[PDB]
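Below, in structure tokens: the form deposited in one PDB entry, a single chain.
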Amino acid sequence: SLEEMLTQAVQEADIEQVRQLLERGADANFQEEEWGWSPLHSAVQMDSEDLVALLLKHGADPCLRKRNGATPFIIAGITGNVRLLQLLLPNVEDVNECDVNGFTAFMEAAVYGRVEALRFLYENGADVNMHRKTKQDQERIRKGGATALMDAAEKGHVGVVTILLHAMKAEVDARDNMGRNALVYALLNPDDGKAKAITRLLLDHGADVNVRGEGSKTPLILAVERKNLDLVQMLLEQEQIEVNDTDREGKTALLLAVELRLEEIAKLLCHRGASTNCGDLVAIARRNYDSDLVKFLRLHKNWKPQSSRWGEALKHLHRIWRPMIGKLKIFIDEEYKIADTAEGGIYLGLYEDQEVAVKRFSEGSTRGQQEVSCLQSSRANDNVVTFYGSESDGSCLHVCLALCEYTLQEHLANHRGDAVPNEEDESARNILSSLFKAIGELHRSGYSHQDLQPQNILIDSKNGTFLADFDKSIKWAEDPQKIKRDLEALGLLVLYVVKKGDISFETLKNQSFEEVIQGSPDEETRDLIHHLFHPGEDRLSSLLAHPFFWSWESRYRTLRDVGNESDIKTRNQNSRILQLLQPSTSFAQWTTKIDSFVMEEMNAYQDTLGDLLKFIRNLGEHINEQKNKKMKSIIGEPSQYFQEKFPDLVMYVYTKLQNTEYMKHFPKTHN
């Protein structure tokens, strides 16, 4: 708290307290840790000569560099006070000392328009034509290399430019590391008057007119894009200029002029030799309702969409002309409409030339902010609809998403006739495990959905299932109890998908827990829905190991593997395994529910669960043998047989063995 008192004293301009603290023995060369500012740096910055003299008196170091490598002398160029420069100069080894990005005191005087300081630094040996030397990482991307002239041109300091060219012998056509000259920088200055003056000065002294800036634009193109007739005239006076040069996108100055409704600029370019073959200029001028330009122009002369459902319209949208909204191409017409929304709608779009679905909100919409906020945090979530980005025009927030084919509701309806009635539903399993992963990672990211329902779940070309509608999402830290509403709706969605869309979601929403459970067609489904209604943060990832997600072959495999334990086969009643299994079921009296034929042959068995497992293992191993042709024909597919006959068996075994060493008999599962 000695040098910290000094620092605040210098800021507040308290000179006597600075004297006292300096004589009490406080370090004048203290540099604060974050940005390396010293009291001297601060004194020069605040333009206070009394503190500068006082600090130097007590041995402040004028060679001291802050984090960006700037010294107090460099900073003095910024402030532009010649007296501070004079005072510091004797202690300065090199007047052209630079910071880590290449800035000298002279350059800073040019950037900040400090004329007196510029003159003083020139007279004391400043290199007027020094290029900024910078770090290796900057040089390798062609940054750095700018001069004082370029800076002064960019910032619109006409006086400085005049003086640099006339009194200080500045190189008019010097180039930075990207190949730009002062003329390019001059045309980036938004002030029209200063840009016009500086451009004339530069052109008069022989600035090269055929150079390139950003996007490989020429000075002529920059002048057209800025819609300035005078700058265009000025530039077209130079007879060496190349009027038909193209920017990186292949656009010529004429083409841009017609596109931007610049009639006079366009005529002037034609008269100075610009070619009509750069584009369909007539159609463009017509489109703009530039009647006179159309007459003048008349006188003087593969893409494939990925989406099947939306492909035809996507092709048409690619074909037509539209103005861009940042990276988005879109046209509000019924041909390109996907669906209604609360806020006017989902439309097809092209974003960075990728097909997308575009959800449109009012730019002030609270829900649009909820949607975009959640999507911005969910880009790593593979089971969430892929977010491309967003674009505002004046009024509408456009949220661009991966284009999907169908809603889960529509998808289930399209495929409702695929399966033979008691076929195993593999696709239900895949749909739901994606949703578990989606919702699980969404919660991990701190968000809750609030609206999980079949029309917010999207299926893509590859039959991938994605979670989609986040306009009502919330950060759950606010109200943790609302995470349970997601899990409940997920329970409903489990039944919805398992019933193949036959029972509407609204019907399911109007049922009690008990009724939902009673409406389930099997025990795996019942138990799973139970755990979602009574959870009750990796609950969802752990439930992927639940037997609802085990295939029928895997369930049958597990039963057989348990029925092969030596203690089951020897019927050792005091074994750990039979302990576990023997503690109101469909397999009570199981030997009577099996077919009469089958039971007799296998006997060449008691009503215990251990013996049922033993039975399943034995039948499993010997069912396909030639002697057992009749057995095989009666039972049919054995996994389906035992499950239909004993619906609670798989869940019962799972529950008894769940956290024992006999987990090893469960199938390999996701993790």
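Between two forms, the rigid core is the largest collection of C-alphas that superpose within 1.5 Å. Residue numbers here begin at 1 and follow the sequence given.
Asks: With the rigid core as the fit anchor, does 334 to 342 or 571 to 579 show bigger C-alpha shifts in 5 other deposited structures of this protein?
Replies: Once the cores are fitted, 571 to 579 deviates more in 5 other deposited structures of this protein.
Asks: Once the rigid core is lined up, would you tell me whether 627 to 635 or 59 to 67 has the higher RMS CA deviation in 5 other deposited structures of this protein?
Replies: Clearly, after the core fit, the stretch farther away in 5 other deposited structures of this protein is 627 to 635.
Asks: At least a third of the other compared entries lacking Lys301?
Replies: It is, since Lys301 is left out of at least a third of the other entries that model both flanking stretches.
Asks: Check the entry and tell me how many residues of the deposited sequence have no coordinates between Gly536 and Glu537: none, 1 to 3, 4 to 9, or 10 or more.
Replies: Count of unmodelled residues in between: 1 to 3.
Asks: Can you count the deposited residues that have no coordinates between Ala604 and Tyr605 and report it as none, 1 to 3, 4 to 9, or 10 or more?
Replies: Missing residues, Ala604 to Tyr605: 10 or more.
Asks: For the stretches 40 to 48 and 55 to 63, which has the higher mean C-alpha B-factor as given in the deposited record?
Replies: For C-alpha atoms only, the mean B-factor is higher in 55 to 63.
Asks: Where do the C-alpha atoms have the higher mean temperature factor in this entry, in 206 to 214 or in 548 to 556?
Replies: For C-alpha atoms only, the mean B-factor is higher in 206 to 214.
Asks: Of the options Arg180, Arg429, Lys359, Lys462, which has the highest CA B factor as deposited?
Replies: By C-alpha B-factor in the record, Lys462 ranks first.
Asks: Among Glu423, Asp99, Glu355, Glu391, which carries the highest Cα B-factor?
Replies: Of the candidates given, the C-alpha B-factor peaks at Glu423.
Asks: Ranked by Cα temperature factor within the chain, is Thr507 in the lowest third, the middle third or the highest third?
Replies: Within its chain, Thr507 is a lowest-third residue by C-alpha B-factor, going by the deposited values.
Asks: Can you tell me which third, lowest, middle or highest, the CA B-factor of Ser434 falls into for its chain?
Replies: It falls in the bottom third of the chain.
Asks: Compared with the other modelled residues in the chain, in which third is the CA B-factor of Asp192?
Replies: Top third by C-alpha B-factor.
Asks: When the modelled residues of the chain are sorted by Cα temperature factor, does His665 land in the lowest, middle or highest third?
Replies: Lowest third, going by the recorded CA B-factors of the chain.
Asks: Give the position of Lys593 by CA B-factor within its chain, expressed as the lowest, middle or highest third.
Replies: According to the entry, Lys593 has a C-alpha B-factor in the chain's highest third.
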